[PDB]
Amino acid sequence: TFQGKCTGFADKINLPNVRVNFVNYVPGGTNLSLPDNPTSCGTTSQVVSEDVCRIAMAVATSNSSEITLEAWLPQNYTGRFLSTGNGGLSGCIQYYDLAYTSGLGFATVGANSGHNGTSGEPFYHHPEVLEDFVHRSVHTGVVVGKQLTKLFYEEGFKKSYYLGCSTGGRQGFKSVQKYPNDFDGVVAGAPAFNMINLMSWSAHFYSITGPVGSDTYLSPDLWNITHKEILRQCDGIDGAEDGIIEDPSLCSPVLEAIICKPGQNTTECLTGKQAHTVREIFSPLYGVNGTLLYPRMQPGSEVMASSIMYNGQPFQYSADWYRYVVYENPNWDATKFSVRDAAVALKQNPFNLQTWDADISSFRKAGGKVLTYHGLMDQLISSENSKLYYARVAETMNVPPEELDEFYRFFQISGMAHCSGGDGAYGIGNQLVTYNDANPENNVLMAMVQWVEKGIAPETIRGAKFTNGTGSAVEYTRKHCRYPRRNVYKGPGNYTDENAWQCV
């Protein structure tokens, strides 16, 4: 029996520097309690919809570091191994991804990145813990996970896959760049690569806005006013007035247009200083010496960005990065961030956390495929940074898109926010929360499986716009384009007909 194989499995595990905490049979329909999950992760449970054997481990990665590692080995197994990854500066195992991919038949692992919780404080004075976050946590879970898969199933595994977004997107690219043989297929969303500069750019928003109530700051109401004017200026460039900017690279908005006139209600317009703030927010971050560090925030992400990036407080992840790693001073004042700090951080680049190597020929040579996607109203990580990486790879590898298409495809997703949510057709199946069925035509993960196992490369990636979230009726779908193409509404038929659009 499958249960009996699982209850007998702890005795079969004997791996150096791996301590088995427990092995449990978890039937489908179980609502797992996760009492030990770090409180800052904000998840104490996970529904597991299909039978798995659950293995939980503590794996020492050095004499002063360890990861927590979970492996969920499904009863209904397809012969495919998969690793998940992390979010933010967190060690949070993404149990929602473990449920998702195990439920699709993958032998699945996820590790906590080498520490517990969403704070960067565990990096403080602990280079081995930081090294786990940069590269060694994900890789260790792949090595151990593959071992466990082969121990548990007579058939072993035929192919190996990666699924992650945000920090998880970065970790997918760290795999491509440093461990070209870890995965046959890598699915990496909205990647936090160019990571050091991402922290600097996150930190620089405070220097532009200033604190809540200052001259230079905009309230959430004013960011809503600003959003509506951005749509007036840009929504229709793609040919459809649908509240979505299909490719914001064509949107260069001019916000002096909504500077207050005499006799205008001050709550519906900007002062000159506020307009200057907005112009700078849609400008790139350049460093000492006048070199580019991070591209502009793409227009369209204003409502959620007002709460997270433009809220008049220093962004927390970057403050943590500068206090605990760059300067090792927990009292470092993040309100006084300057580009001189960004130079110090970029030169430090610990364990090449930048994850910005543009020569990925070793991955190509090993036979790997990578599919990356990025939402074009992303409020946390600008979609333009993925576009910059693409240019850099083409330039460095000295090949055009037709050649890159053989092993590296990048889809730009209209109306998607950071990793999930947004105003438009974000339902591409990168996570349970974006799921529109399991079939490759509707699901990015299964599309990678098809590319790897049948040699069928995805031309576009379909997403759903839901009436009221995943599981509700699909209102419309759209076939998102493969960069450098963009989507343009041509008709015939209304913009809700996916056939009325063309990638151009």
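The first residue of the shown sequence is 1; numbering continues from there.
Stretches compared: 260-268, 283-291. Higher mean C-alpha B-factor in the entry: 260-268. Just going by the entry, 492-500 versus 477-485 on mean CA temperature factor gives the higher value to 492-500. Across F205, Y179, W332, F410, the greatest Cα temperature factor reported in the deposited entry is at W332.
Out of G169, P211, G91, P127, the entry records its largest CA B-factor for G91. Among the modelled residues of the chain, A457 sits in the middle third by CA temperature factor in this PDB entry. Ranked within its chain, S137 lands in the lowest third, by CA B factor from the PDB record. Ranked by Cα temperature factor within the chain, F81 sits in the middle third according to the deposited record.
Split the chain's modelled residues into thirds by C-alpha temperature factor. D359 is in the middle one. Annotation for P350: CA B-factor lies in the lowest third of the chain's modelled residues.
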